[PDB]
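Each remark here refers to the structure printed beneath this line.
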Amino acid sequence: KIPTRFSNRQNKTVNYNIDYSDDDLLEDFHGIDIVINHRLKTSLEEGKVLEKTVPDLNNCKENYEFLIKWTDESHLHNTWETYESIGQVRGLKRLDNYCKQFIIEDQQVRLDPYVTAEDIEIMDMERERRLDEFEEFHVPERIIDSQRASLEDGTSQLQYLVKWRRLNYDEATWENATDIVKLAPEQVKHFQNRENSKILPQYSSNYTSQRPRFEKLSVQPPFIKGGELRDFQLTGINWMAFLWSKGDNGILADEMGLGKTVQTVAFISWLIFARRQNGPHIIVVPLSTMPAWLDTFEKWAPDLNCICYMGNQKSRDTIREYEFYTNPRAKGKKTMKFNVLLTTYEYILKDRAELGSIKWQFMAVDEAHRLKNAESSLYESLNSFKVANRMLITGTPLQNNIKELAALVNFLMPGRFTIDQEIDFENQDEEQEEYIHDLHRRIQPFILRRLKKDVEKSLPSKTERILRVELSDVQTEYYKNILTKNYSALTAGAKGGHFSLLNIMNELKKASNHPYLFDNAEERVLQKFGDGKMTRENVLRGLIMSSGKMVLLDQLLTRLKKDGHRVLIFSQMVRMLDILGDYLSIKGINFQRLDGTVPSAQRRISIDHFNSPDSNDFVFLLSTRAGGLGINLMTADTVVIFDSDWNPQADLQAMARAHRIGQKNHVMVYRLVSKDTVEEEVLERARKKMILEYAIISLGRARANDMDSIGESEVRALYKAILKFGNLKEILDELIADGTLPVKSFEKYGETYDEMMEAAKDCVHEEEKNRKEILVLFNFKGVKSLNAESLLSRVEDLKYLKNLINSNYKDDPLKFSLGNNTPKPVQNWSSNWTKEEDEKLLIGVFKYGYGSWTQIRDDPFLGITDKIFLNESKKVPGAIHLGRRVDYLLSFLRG
Amino acid sequence: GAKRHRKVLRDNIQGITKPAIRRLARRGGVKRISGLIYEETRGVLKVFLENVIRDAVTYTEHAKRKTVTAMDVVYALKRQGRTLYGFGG
Amino acid sequence: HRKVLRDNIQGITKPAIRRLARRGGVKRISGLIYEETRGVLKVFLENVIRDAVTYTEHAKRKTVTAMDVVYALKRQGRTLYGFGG
Amino acid sequence: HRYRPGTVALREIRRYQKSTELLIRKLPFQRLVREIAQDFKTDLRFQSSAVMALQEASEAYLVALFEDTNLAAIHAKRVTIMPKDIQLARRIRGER
Amino acid sequence: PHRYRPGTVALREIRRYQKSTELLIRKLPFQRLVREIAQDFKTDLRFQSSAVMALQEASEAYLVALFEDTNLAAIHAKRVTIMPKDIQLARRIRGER
Amino acid sequence: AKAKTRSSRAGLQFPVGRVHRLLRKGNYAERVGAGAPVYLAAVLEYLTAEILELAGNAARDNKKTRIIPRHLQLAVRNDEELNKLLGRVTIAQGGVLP
Amino acid sequence: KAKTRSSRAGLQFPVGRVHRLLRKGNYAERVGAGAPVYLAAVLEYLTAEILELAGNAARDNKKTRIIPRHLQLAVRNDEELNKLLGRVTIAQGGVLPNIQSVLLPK
Amino acid sequence: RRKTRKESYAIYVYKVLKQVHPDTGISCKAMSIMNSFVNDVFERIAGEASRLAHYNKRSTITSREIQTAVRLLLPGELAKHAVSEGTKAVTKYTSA
Amino acid sequence: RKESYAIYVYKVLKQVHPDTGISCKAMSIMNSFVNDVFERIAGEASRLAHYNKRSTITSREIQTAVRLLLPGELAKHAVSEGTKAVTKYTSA
DNA sequence: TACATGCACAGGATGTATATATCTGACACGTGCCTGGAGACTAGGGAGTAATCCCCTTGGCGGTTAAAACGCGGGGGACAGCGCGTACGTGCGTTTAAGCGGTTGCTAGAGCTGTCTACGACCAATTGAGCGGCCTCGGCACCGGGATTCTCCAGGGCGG
DNA sequence: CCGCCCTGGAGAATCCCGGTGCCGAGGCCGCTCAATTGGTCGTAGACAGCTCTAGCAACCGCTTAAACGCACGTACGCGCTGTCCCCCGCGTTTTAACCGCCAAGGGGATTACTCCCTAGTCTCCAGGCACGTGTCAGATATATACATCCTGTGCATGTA
């Protein structure tokens, strides 16, 4: 640590610190946020005349009123203002930008007679879509937290942190609880259940090194409130439960349309409501499927606390602050409040630190072919997770080679199998067929595959038809010059030598599709066939004739149009789709187009415009790999594979956009191949893969605990329980679920309860003999000071109220009516304590119990949020007074 | 309309955006910048690159290669009095 | 061992500096230019003569030759044609 | 934390003279490099470090040229650099 | 008497000295300067006459090329008179000092 | 006899044998003297130590325990003579002097 | 026999002397047979390039001998010879006549 | 004893001069400048070819290194006419 | 097997700053630096031997090349370092 | 005489800082090998040294005249101040594309091992090309006398 | 009647033509060293085969900050004006650079001879690279003792 070498050079010392401060250069709102919609009249319409022309900006200012979303509000506070009403404030430029396009420009196009009626109706439909979306923001979706804030001299109204339907957690706002219960009481109810819940990660049975023997069953379990669970769906749950009991990890590999999401939701329901494994579970899905997952948990398991973890940095911070742990502010280690977490692949990589440091109990990865590569970032990030059991959901466990399946297995079973060999159909020795038999036998207990034909037989069959069409003259010229690297002929008509021969396979496929994919080919043709063909219909000849595939395609289109068929044309290159979209434009056919540049908003517009009953569209141009697995074009009938793929599953998925559950015609497929080109090397290499997948898959502390010993804390817990619920013999498993009583057998609790009431009855007997001598506490198992008289009288009080409400207003505890005779009022409290307040108090002690006054105060279902002032003007009522008032009102009811 | 024509794309020299040129002027300590500077700067950079690449490609063709490596660039920079440290290994 | 020379930078007179500025194309000259240019010239000459005397000492000679000056110039990026080499 | 008017440029000079990252975006610069190389030979490949070396060198060159341009602007009693300042700095360096 | 206007004789001299090639500094004063600078590096040095002539050719080429850059810097500032700050700017941009 | 390195005989850390081998194979002359690699390795080690001392001081002034290219740039451009020796040189990821 | 390699290449510059200078300048361990011929051809081309322009400049001044002034005029008036010799001083060469337009009388 | 011989390019420069300008002479000082020019260009080309052979781990300087060095050092059209001159000389030499 | 000066640069660092590390990019810069000054010095000593009609590069050539290439005070201390090392190597 | 709200007080439940067992990542220790550096010995040329020659560098002198030094009037250009107008920076809302992660098959190129031949180094004998010495007579420099080209200022004419 | 502009001429400077005479450019010659020829020999580099990784083309998706378009205000650049400082043009005096000649002698170049230092070759081993593993201090979660604090019950005055 002492330097043994210095410089004798006499240079001046330097300060190398480059940290600076900008302090020497020194000396949450309420403005327009969004403009939803406008109105024809700012106040009153003095005349509908002069509808011609388009209004000016000043005219719009003096003629309309707008619905304004305000910053720091919550859409429920949207008001109708005018340019004059609000006047001057932030965000005024947003209002001007609204007037510029939705009023001025929009009316301009509607005045031009060059616009067809079909375009006018499209704009009308679009405006309808915009406002229909803006309606969903009023509906609350989930209540996150509740605080008793104190308004400006407004006592302490209750505020609900509400998240809205189509918004994230950076848009969640506080709202007055009295209005929330009027808007959506079902979500208030769900927040109540989620508040004091039995299903909690801290109270799960730790099945370690020994798991209960699962029994294959044939009854849809009662905790599955969704609907009618299919037979092939019930089979999967038993499969997964068996694999879990043994301690194994499987793969759900059904085909699309069999509901693989329902089966895994119902399995989590089983894993919680049966084996009491309700810890933190994680489900990783693609973004496009996240809606369909969420509502499934909302329908087939409405009691589970499932949260969605996605959004911007602020929105993801809100979730961690309010919905992760039971108590976040505590400095010590925090617990977990949720049961199921739903995230996407993007945030597994962003927040791997905040998510990997959690003891998960079950991981489920949807679309697990995304994990077919063991060197990807998602793979190395999901393996570092500390999870017990795992499951993968994929309709294609193997796609190209056998290394993909090996990586999936090593994700599930890190070390069990050892798939370190690749099948080759060239050697075909007896040992290789043995290898196929070996793997096909070893993985069978871990893959559950079913087909759309083996079940759900109502499905029209699909037939594939390969068509080999030879090249043309321009195609043969280009294929020849590229195959020989003859730069000169390829660059004779080029703009800067743009002809690049890096990746020759790519150029041979561009030539085998259409010569116009190369630059200046349009100049060579047309000019060298019909020089002077600058007019249309003659250019169309250049398109259709310069390609061998264009000929067969044009013939097919003319033939198919007259028959009652619709066409889906798939291609690998989107530039070939531009060429096709020009041939169809000059011809005059109506088509749709979906590729990787079309934003998600326009995609669903296109899909519905194609599936409308009065649809003038004939064909749909589709990129082969775009869109994902959610596109549904079952109205079309014919599928034309223009370009093939190295992966056969990528083309099968393109066929499944018309051959799915719901298809009612015979789907016809047309492959277009160019003979004696590299295209034939693709199909052949694809076929091998199609055979491999049919050969491997498609063949079928510091102190110890105890058991049931009752201690001092156990007696104090049972004493406070006899100070609240009292008769808990029929409610023993409930209090043991939420953690009130320690982990003890219900038998010992019942025994101690009989002993408690007997020691109290003997106490009151001794007190009776000790009160008439000259004319109340008793210790139990160490706990001193236990009121016997008050406890037994309270037991009789609660039992009286139970047999007065469990049979009278059972199916409606809120709808309750006291007797016509009214007891005398209170001793002048700070609130208008009438008879309805007494009835609501009677229901509150029934639902939340005695002593728990903070629970009774915080419940808008009663209506006494601001009528009770236990703690934060010193008010008259209190915790002792409400209890004495119940013992006075109930004694008035008994007689 | 016209979809097969792969044109209407910005030039590659224009990918050196005006904010990027302004950041480079800020690291040089410049306070105000004229509006005509941005087309001037693009012309200067384009000349500079053309002199370095022409040399690197020469070094690449002599070695009978098709790949321009980092050493080709280091040598091309060195032979015009602009030695660069940090890539020569 | 000869005598000591001193104050010889003043033998670069103002007329000679004006002629050098005229060959550079200069039309008007400030009066503060003369001492400034004397300083610039003295720095240039110190660098070249230091390198040339280094070359002379390495060869163990006592006379500075024209090749010593030509090498001293070349190594500073100022090649001179017409004196050999 | 309200800054004075007219101090945005000074704060940016202090910010960018402290950091060391590259100030041009990588993808556009790489497209430019390949377009220029296209005119000397067709079908060239590039190591990724060759493009990184080109970018380091080209940005060092431009920053050092903006320093001389700024000196030429202060000489003319201005604070705004103009194209004539770049031209003067490049002619005195011996490039024009 | 007759007088030429200021700047006429200066342009005449620019044309005279841009046609000639002879050395513009006197030989004997320059030789004394060379020897005085050298005596601060090693004593009792001798010089070939062609060595002093090479030093003078190089010195005059250096100074003429510096006055060209100084004139550009003076015109840049919208002057016609060269000043010490023009020499300083030109030398700073060259990379000397 | 047991072999001692030529760098330890001269009291050096830089490798004298490798510098000798690089002189013999760089076409610098027909012959290489015995003291030429020792002298040259001593000078290379001296210049390395001069730069590393200043660069470690710069890393310490910025509260760091590891030299990065920025610290080399600061050390070189602040020293007058090192700045002269490396005047036409660009250090990658080095920045400028504020 | 006795035939120089210069006459076999059709050159005026000495191929054997260039070969000797390559083998004794420590440029590599070996020297190929066509490297002296190539290098001598290039040096001869460049010499002829500059001498043509210098003789033209000598004719413009009504002279029959080339002096350093004519080599300087030749080099600084040709755009590519000026770039090859950008950092070279030609002794007794002078400069090119060039007055800035701002300095001319109006 | 004996005045040591001194090699120059003067006689070859004189032959080339008589090919280009049959009636023009040259002075002693201009001939010295031409000799310096030839030696300077020789050193440049040969040094760049030496470096090229080192970069590629070769032990020989061939006409390919001379050609590549000529392309690196000469600018523009000078380089094209020089490589054609050199290639023509090597072709005439080899076919003899 | 790239053969660089990394381990020797590290040994020198542990003499000037024992409790300091160095990153990998900085180590590559130091490697480029030592190669650059090696080439400069060896080239200048090569030219010194050619000018004087010598065949050998000796310590005297290295000393003169150091005096020509390093500025001012660096050259004084580098010359004394080299001289000390050759004296120690010989008397051993 | 008896029931009910107001008040003071006692005492354990929950919050907090601290010592302690646990996990972890960089640091130091041990292995191997193998390749390049070190030790040893020899031949032969390159480098060092002494003696000599002769040239070219330094020093002195004396006259001459070109160039520098210096003084002075005055013209013009540097410079400071002022006013205007427009281009540049700032803010704010909206679009766009960069960055990151991913696919699929093919090829370039580095690194390794191994074979083989043409080419370049090396050498001895020869010979002619190029160099140093000598000589001379033409291109070029200098001088002189006109011819002409250019600068500048004052006066007359002409327009406002 | 006034202001400005064109021109005419006077003088200084530059160009041009002829004459002279000089001293270096270019040719000739003898010789002597380096280029050429012819032969041998070893290894550099070209070619082959094989494995492993990056680069490429043309698509896909998602997030987010950067790029961009526009409105607008004011800070700066630029133009004009006046003053006065200082540089130029020119004449008169002073000084020292230059030229030509001479002499001394210092040191660089040449030659002969010697010896020691480096390349070449060969044997042998450990220094440096790649790899794996034991270890210790720092970060961290947790049990624990201590401490502050909200809370619930028995006594008391007031009303029926």
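Identifiers in this document derive from the order of the structure tokens: chains are assigned A, B, ..., residues are numbered from 1 separately in each chain, and ligands are numbered from 1 in order of occurrence.
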
What's the 8 Å shell around residue 38 (chain H), counting only C-alpha atoms (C1' of nucleotides), without same-chain residues fewer than 2 positions away, as a short mmCIF file (atom, residue, chain, number, x, y, z; two decimals) with C-alpha atoms, in the first residue's frame?
```cif
data_model
loop_
_atom_site.label_atom_id
_atom_site.label_comp_id
_atom_site.auth_asym_id
_atom_site.auth_seq_id
_atom_site.Cartn_x
_atom_site.Cartn_y
_atom_site.Cartn_z
CA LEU G 43 10.33 6.89 -60.87
CA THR G 47 10.51 12.47 -63.52
CA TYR H 9 20.60 10.15 -61.02
CA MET H 34 15.72 16.65 -59.37
CA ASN H 35 18.15 14.27 -57.65
CA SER H 36 16.62 15.10 -54.27
CA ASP H 40 12.63 11.31 -51.69
CA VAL H 41 10.05 9.46 -53.77
CA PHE H 42 12.15 6.28 -53.64
#
```

I'd like the contact shell of residue 76 (chain D) - 7 Å cut-off, only C-alpha atoms (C1' of nucleotides), skipping same-chain residues fewer than 2 positions apart - returned as number ranges by chain. D: 72-74, 78; E: 76-77

How about saving the chosen residues, N, CA, C and O atoms kept, as a PDB file, in the first residue's frame?
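Final output, part.pdb:
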```
ATOM      1  N   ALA D  72     -11.557  31.174 -34.856  1.00  0.00           N
ATOM      2  CA  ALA D  72     -11.749  32.059 -35.999  1.00  0.00           C
ATOM      3  C   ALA D  72     -12.954  32.971 -35.821  1.00  0.00           C
ATOM      4  O   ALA D  72     -12.939  34.105 -36.299  1.00  0.00           O
ATOM      5  N   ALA D  73     -14.005  32.499 -35.156  1.00  0.00           N
ATOM      6  CA  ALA D  73     -15.163  33.353 -34.908  1.00  0.00           C
ATOM      7  C   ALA D  73     -14.864  34.435 -33.883  1.00  0.00           C
ATOM      8  O   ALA D  73     -15.301  35.575 -34.041  1.00  0.00           O
ATOM      9  N   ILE D  74     -14.166  34.089 -32.806  1.00  0.00           N
ATOM     10  CA  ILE D  74     -13.801  35.093 -31.814  1.00  0.00           C
ATOM     11  C   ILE D  74     -12.839  36.118 -32.402  1.00  0.00           C
ATOM     12  O   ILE D  74     -12.838  37.284 -31.995  1.00  0.00           O
ATOM     13  N   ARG D  78     -17.147  37.825 -33.091  1.00  0.00           N
ATOM     14  CA  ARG D  78     -18.475  37.242 -33.119  1.00  0.00           C
ATOM     15  C   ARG D  78     -18.554  36.130 -32.089  1.00  0.00           C
ATOM     16  O   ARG D  78     -17.550  35.703 -31.521  1.00  0.00           O
TER      17      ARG D  78
ATOM     18  N   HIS E  76      -9.956  38.111 -42.677  1.00  0.00           N
ATOM     19  CA  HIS E  76     -11.118  37.509 -42.033  1.00  0.00           C
ATOM     20  C   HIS E  76     -11.768  38.463 -41.039  1.00  0.00           C
ATOM     21  O   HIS E  76     -12.988  38.455 -40.864  1.00  0.00           O
ATOM     22  N   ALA E  77     -10.969  39.274 -40.366  1.00  0.00           N
ATOM     23  CA  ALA E  77     -11.454  40.262 -39.419  1.00  0.00           C
ATOM     24  C   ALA E  77     -11.835  41.578 -40.079  1.00  0.00           C
ATOM     25  O   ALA E  77     -12.123  42.542 -39.370  1.00  0.00           O
TER      26      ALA E  77
END
```

Give me, as a count of residues only, the residues of chain J touching chain F, with the criterion being at most 10 Å (counting only C-alpha atoms (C1' of nucleotides)). 5

8 Å contact set for residue 1 (chain C), only C-alpha atoms (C1' of nucleotides), chain neighbours under 2 positions out, as a PyMOL selection string: (chain C and resi 3) or (chain E and resi 43-44)

Please write the residues from the selection above to a file, keeping N, CA, C and O atoms, as a CSV table (one decimal), in the first residue's frame.
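Okay, this is what ended up in selection-v4.csv:
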```csv
chain,number,residue,atom,x,y,z
C,3,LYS,N,34.8,34.4,-29.2
C,3,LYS,CA,34.2,35.3,-28.3
C,3,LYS,C,32.8,34.9,-28.0
C,3,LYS,O,32.4,33.8,-28.3
E,43,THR,N,29.8,24.4,-27.6
E,43,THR,CA,30.8,25.5,-27.9
E,43,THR,C,31.8,25.1,-29.0
E,43,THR,O,32.0,23.9,-29.2
E,44,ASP,N,32.3,26.1,-29.7
E,44,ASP,CA,33.3,25.9,-30.7
E,44,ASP,C,32.9,25.0,-31.8
E,44,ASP,O,33.6,24.1,-32.2
```

What are the residues of chain B lining chain F at 8 Å or less? Count only C-alpha atoms, and put the answer as a PyMOL selection string. chain B and resi 27+81-86

Within 12 Å of residue 147 (chain J) using only C-alpha atoms (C1' of nucleotides), minus same-chain residues under 2 positions, as a ChimeraX atom specification: /J:145,149 /K:14-17

Take the residues that were just selected and, keeping N, CA and C atoms (P, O5', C5', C4', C3', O3' and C1' of nucleotides), output them as a short mmCIF file (atom, residue, chain, number, x, y, z; two decimals), in the first residue's frame.
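Final output, saved to selection-v1.cif:
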```cif
data_model
loop_
_atom_site.label_atom_id
_atom_site.label_comp_id
_atom_site.auth_asym_id
_atom_site.auth_seq_id
_atom_site.Cartn_x
_atom_site.Cartn_y
_atom_site.Cartn_z
P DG J 145 23.60 55.85 -72.17
"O5'" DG J 145 22.58 56.15 -73.36
"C5'" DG J 145 22.67 55.40 -74.56
"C4'" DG J 145 21.30 55.22 -75.18
"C3'" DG J 145 20.33 56.36 -74.89
"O3'" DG J 145 19.73 56.80 -76.09
"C1'" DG J 145 19.35 54.28 -74.35
P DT J 149 2.24 50.75 -74.79
"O5'" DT J 149 1.74 50.31 -73.34
"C5'" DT J 149 2.66 49.69 -72.45
"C4'" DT J 149 2.52 50.22 -71.03
"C3'" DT J 149 1.11 50.62 -70.61
"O3'" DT J 149 0.82 49.98 -69.39
"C1'" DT J 149 2.65 52.28 -70.01
P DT K 14 9.00 49.99 -61.34
"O5'" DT K 14 8.73 49.29 -62.74
"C5'" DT K 14 7.43 49.32 -63.28
"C4'" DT K 14 7.44 48.91 -64.74
"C3'" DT K 14 8.37 47.75 -65.07
"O3'" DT K 14 7.66 46.79 -65.83
"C1'" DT K 14 8.75 49.57 -66.54
P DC K 15 8.36 45.44 -66.34
"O5'" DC K 15 8.43 45.66 -67.92
"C5'" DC K 15 7.31 46.22 -68.60
"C4'" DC K 15 7.59 46.37 -70.08
"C3'" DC K 15 8.36 45.23 -70.71
"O3'" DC K 15 7.90 45.03 -72.03
"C1'" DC K 15 9.59 47.23 -70.94
P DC K 16 8.37 43.74 -72.86
"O5'" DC K 16 9.36 44.35 -73.95
"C5'" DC K 16 9.02 45.55 -74.62
"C4'" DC K 16 10.12 45.96 -75.57
"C3'" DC K 16 10.99 44.80 -76.06
"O3'" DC K 16 11.36 45.01 -77.41
"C1'" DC K 16 12.34 46.37 -74.98
P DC K 17 11.84 43.78 -78.32
"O5'" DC K 17 13.16 44.33 -79.01
"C5'" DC K 17 13.19 45.66 -79.50
"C4'" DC K 17 14.62 46.13 -79.63
"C3'" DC K 17 15.60 45.05 -80.07
"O3'" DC K 17 16.47 45.55 -81.06
"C1'" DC K 17 16.33 46.03 -78.05
#
```

Could you give me, as a tab-separated table, every chain H residue with an atom at most 10 Å from chain F, plus its closest atom pair and distance in Å to one decimal, counting only C-alpha atoms, rows ordered by chain then number?
```
residue	atom	partner	partner_atom	distance
H:50	CA	F:27	CA	9.0
H:51	CA	F:26	CA	9.8
H:54	CA	F:26	CA	8.1
```

DSSP-assigned strand (DSSP E) members of chain D, reported as a PDB file with N, CA and C atoms, in the first residue's frame:
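The file below, states_22.pdb, is the result:
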```
ATOM      1  N   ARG D  45     -17.489  -6.329 -46.799  1.00  0.00           N
ATOM      2  CA  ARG D  45     -17.968  -6.634 -45.465  1.00  0.00           C
ATOM      3  C   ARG D  45     -17.160  -5.834 -44.457  1.00  0.00           C
ATOM      4  N   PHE D  46     -17.758  -5.572 -43.303  1.00  0.00           N
ATOM      5  CA  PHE D  46     -17.127  -4.760 -42.276  1.00  0.00           C
ATOM      6  C   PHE D  46     -17.167  -5.485 -40.947  1.00  0.00           C
ATOM      7  N   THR D  80     -21.107  33.678 -33.056  1.00  0.00           N
ATOM      8  CA  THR D  80     -21.768  32.734 -33.938  1.00  0.00           C
ATOM      9  C   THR D  80     -20.750  32.231 -34.949  1.00  0.00           C
ATOM     10  N   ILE D  81     -20.603  30.926 -35.047  1.00  0.00           N
ATOM     11  CA  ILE D  81     -19.742  30.360 -36.073  1.00  0.00           C
ATOM     12  C   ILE D  81     -20.507  30.317 -37.384  1.00  0.00           C
TER      13      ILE D  81
END
```

Considering only C-alpha atoms (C1' of nucleotides), return as a PyMOL selection string whatever protein or nucleic-acid residues lie within 9 Å of region 586-603 of chain A, sequence-local ones (same chain, fewer than 3 positions apart) excluded. (chain A and resi 536-537+539-540+574+577+581-583+606-610+616-627) or (chain K and resi 59-61)

All residues 10 Å or closer to residue 82 (chain E), only C-alpha atoms (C1' of nucleotides), same chain fewer than 2 positions away omitted, as a VMD selection string: (chain C and resid 21 26 to 33) or (chain E and resid 67 70 to 75 79 to 80 84 to 87)

Chain G residues near chain I within 12 Å, closest pair each, using only C-alpha atoms, as a Markdown table:
```
| residue | atom | partner | partner_atom | distance |
| --- | --- | --- | --- | --- |
| G:24 | CA | I:50 | CA | 9.8 |
| G:25 | CA | I:50 | CA | 8.1 |
| G:26 | CA | I:46 | CA | 9.0 |
| G:27 | CA | I:46 | CA | 11.2 |
```

Dump C-alpha atoms for the selected residues as a short mmCIF file (atom, residue, chain, number, x, y, z; two decimals), in the first residue's frame?
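Output file selection.cif is given in full below:
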```cif
data_model
loop_
_atom_site.label_atom_id
_atom_site.label_comp_id
_atom_site.auth_asym_id
_atom_site.auth_seq_id
_atom_site.Cartn_x
_atom_site.Cartn_y
_atom_site.Cartn_z
CA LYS G 24 20.77 -2.60 -48.80
CA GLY G 25 18.13 -0.32 -47.29
CA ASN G 26 16.75 -2.86 -44.79
CA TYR G 27 13.28 -2.96 -46.31
#
```

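Any residue of chain K with an atom no more than 10 Å from chain F counts as a contact; using only C-alpha atoms (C1' of nucleotides), that gives residues 117, 118, 119, 125, 126 and 127 of chain K.
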
Go ahead and write the selection's residues with C-alpha atoms (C1' of nucleotides) as a tab-separated table (two decimals), in the first residue's frame.
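Now in selection-v7.tsv:
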```
chain	number	residue	atom	x	y	z
K	117	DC	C1'	31.61	-8.55	-30.59
K	118	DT	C1'	27.60	-10.48	-32.92
K	119	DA	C1'	25.25	-14.07	-35.79
K	125	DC	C1'	14.56	-25.60	-18.97
K	126	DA	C1'	11.24	-22.18	-16.66
K	127	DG	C1'	8.03	-17.79	-17.63
```

Pull the closest atom pair for each residue of chain G that gets at most 10 Å from chain K, along with the distance in Å to one decimal, counting only C-alpha atoms (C1' of nucleotides), ordering rows by chain and then ascending residue number, as a tab-separated table.
```
residue	atom	partner	partner_atom	distance
G:1	CA	K:37	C1'	8.1
G:2	CA	K:36	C1'	6.2
G:3	CA	K:36	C1'	7.4
G:4	CA	K:36	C1'	7.5
G:5	CA	K:36	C1'	9.2
G:15	CA	K:35	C1'	9.7
G:16	CA	K:35	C1'	6.4
G:17	CA	K:35	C1'	8.1
G:20	CA	K:35	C1'	9.5
G:30	CA	K:44	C1'	9.9
G:65	CA	K:25	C1'	9.6
```

Chain D contacts to chain G at 12 Å (only C-alpha atoms) as a ChimeraX atom specification: /D:94-96

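For chain H, the residues close to chain G, meaning within 6 Å and counting only C-alpha atoms, are residues 12, 24, 25, 26, 27, 30, 50, 59, 60, 61, 62, 63, 82, 86, 89, 92 and 93 of chain H.
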
Limited to C-alpha atoms, could you put the picked residues into a file as a PDB file, in the first residue's frame?
```
ATOM      1  CA  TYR H  12      19.155   9.359 -66.303  1.00  0.00           C
ATOM      2  CA  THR H  24      16.153  22.319 -73.407  1.00  0.00           C
ATOM      3  CA  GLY H  25      18.968  22.321 -70.873  1.00  0.00           C
ATOM      4  CA  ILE H  26      19.123  22.243 -67.103  1.00  0.00           C
ATOM      5  CA  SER H  27      21.334  24.007 -64.593  1.00  0.00           C
ATOM      6  CA  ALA H  30      17.924  22.356 -60.833  1.00  0.00           C
ATOM      7  CA  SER H  50       8.272  -2.472 -46.325  1.00  0.00           C
ATOM      8  CA  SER H  59       9.435 -11.738 -45.975  1.00  0.00           C
ATOM      9  CA  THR H  60       9.625 -10.430 -49.553  1.00  0.00           C
ATOM     10  CA  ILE H  61       8.949  -7.158 -51.338  1.00  0.00           C
ATOM     11  CA  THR H  62       7.267  -7.944 -54.651  1.00  0.00           C
ATOM     12  CA  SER H  63       5.766  -5.879 -57.431  1.00  0.00           C
ATOM     13  CA  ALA H  82       2.050   5.290 -62.766  1.00  0.00           C
ATOM     14  CA  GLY H  86       4.886  -0.016 -64.064  1.00  0.00           C
ATOM     15  CA  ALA H  89       7.460  -2.421 -67.816  1.00  0.00           C
ATOM     16  CA  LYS H  92       7.928  -6.290 -71.243  1.00  0.00           C
ATOM     17  CA  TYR H  93      10.618  -7.515 -68.845  1.00  0.00           C
TER      18      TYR H  93
END
```
